[PDB]
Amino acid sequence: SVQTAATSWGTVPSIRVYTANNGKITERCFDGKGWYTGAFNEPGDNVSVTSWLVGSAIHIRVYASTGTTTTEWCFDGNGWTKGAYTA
C-alpha cells in the first residue's frame, strides 16, 4: 500500500503531493489548471513534508526514510539539494 504527504500555499491554491511506491518517492503539482509531474524523484519507503513562505517565495522540506535512515531534501527556488537534518 503506497504512502503520501501533502502541503499547500496561497489561496488559488498551489498543492504538492509526495508518494512513496516500492522504494521511490515522486511529486505531483497543482497551480490552478490540471495536475503535472514535479522535479522531486528520490529513494524512500516513507515520506513527510512541510512548507513556508518568506514574502511570496516558497520553501519546501521533504523528509524521506529508508529503513532507519532519514534524508532531508530542500527546495529554495532553484532545484532540490540535501539538508543538514539528522535524527
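We number the residues from 1 along the sequence you see.
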Relative to the other modelled residues in the chain, which third contains the C-alpha temperature factor of residue 45: lowest, middle or highest? middle
Of the three thirds of the chain ranked by Cα temperature factor, residue 33 occupies the highest
Chain-relative C-alpha B factor for residue 51 (record values, thirds): the lowest
So, residue 19's CA B-factor, relative to its chain, sits in which third? The lowest
Residue 3 - Cα temperature factor, lowest/middle/highest third of chain: highest
